[PDB]
Amino acid sequence: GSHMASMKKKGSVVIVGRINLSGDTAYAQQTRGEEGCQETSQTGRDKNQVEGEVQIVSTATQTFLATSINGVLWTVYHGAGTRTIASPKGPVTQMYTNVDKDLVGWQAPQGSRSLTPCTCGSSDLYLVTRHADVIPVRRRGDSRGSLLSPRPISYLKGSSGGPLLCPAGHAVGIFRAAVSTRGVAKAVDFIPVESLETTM
Ligand SMILES: CC(C)(C)[C@@H]1NC(=O)O[C@@H]2CCC[C@H]2OC/C=C/C(F)(F)c2nc3ccccc3nc2O[C@@H]2C[C@@H](C(=O)N[C@]3(C(=O)NS(=O)(=O)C4(C)CC4)C[C@H]3C(F)F)N(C2)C1=O
Ligand SMILES: [Zn+2]
């Protein structure tokens, strides 16, 4: 538009839940409903206590995941764009932005826990989805892995930004895109943790 006085501001990304991995059972928890999410996106002020490594995040139009690794909350650019994230003292600007990698990052929220970058060199991985499904993935290249059991794309939608983990629970990568044919996801593409470590 040409009328700057009425130009709108995009809201903040908002943490609305988490994938609980602290015990023997993975499960999703919601920490904020849709109305409170809307309010928090506009103010950028989120007073909720943050816990865990994998957050469920939302904008006005999308929901996806974000994963703390080495004190940075990482997610995908196709979800967050250049948006700030809401925090107790207001909006927080991204400290990493790389559209070529489909990658953004903010300082990790106070109270969050960070995953350690994997140095195991192992190819037996586990994808964690927004529904707290743990999906075995065999690593097939620097940024690719195959599902041991393929599943319709619907079961992976909304899990970009989530982690691929090694058998020891280290972060190996961030889920970016799916490889699907006839609607069935047979493989996943992820941002390797080394690419995060280079971006850092
Ligand atoms: C056909 C398909 C499955 C839709 C698509 N496959 C696909 O493109 O595969 C090719 C071949 C193998 C790698 C990939 O190379 C292209 C790179 C794509 C990309 F990822 F780097 C990407 N960079 C962007 C940078 C800037 C702006 C937009 C971008 N858009 C991108 O990709 C787009 C988005 C990405 C996506 O849907 N991700 C997921 C997801 O859950 N999102 S989400 O949470 O619902 C949501 C949309 C709320 C945020 C995990 C997959 C879930 F659904 F399984 N896409 C399309 C796909 O996965
Ligand atoms: Zn490891």
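Count begins at 1; order follows the chain as displayed.
If you're wondering, the header gives X-ray crystallography, 1.7 Å.
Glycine too: its Cβ is placed from the backbone N, Cα and C atoms.
What the PDB entry lists as expression tag is 1-10. The linker annotation in the PDB entry covers 22-24.
Here Swiss-Prot flags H78, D102, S160 as active site, charge relay system. Swiss-Prot lists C118, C120, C166, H170 with the feature Zn(2+) 1 binding site.
Shown on the structure are the features that Swiss-Prot records.
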residue	record	Cβ within 10 Å
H78	active site, charge relay system	16
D102	active site, charge relay system	18
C118	Zn(2+) 1 binding site	22
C120	Zn(2+) 1 binding site	11
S160	active site, charge relay system	26
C166	Zn(2+) 1 binding site	22
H170	Zn(2+) 1 binding site	18
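Across the linker (22-24), DSSP classifies residues as 0 helix, 0 strand, 3 coil. Taking the C-alpha positions, the distance from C166 (Zn(2+) 1 binding site) to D102 (active site, charge relay system) comes to 22 Å. For ligand 2, none of the active-site residues lies close by, meaning a CB under 6 A from one of its atoms; the full candidate list was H78, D102, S160. In terms of DSSP helix, strand and coil, the expression tag (1-10) has 3 helix, 0 strand, 7 coil. Closeness to ligand 1 is met by none of the binding-site residues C118, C120, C166, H170, no Cβ falling under 6 Å from the molecule. Surrounding the centroid of the Cβ atoms of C118, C120, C166, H170, where the record places Zn(2+) 1, the chain contributes additional residues within 8 Å, namely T116, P117, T119, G121, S122, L165, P167, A168, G169, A171, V172.
For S160 (active site, charge relay system), the nearest neighbour among the recorded positions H78, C120, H170, judged by Cα separation, is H78. Nearest neighbour of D102 (active site, charge relay system) by Cα distance, taken over the recorded positions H78, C118, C120, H170: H78.
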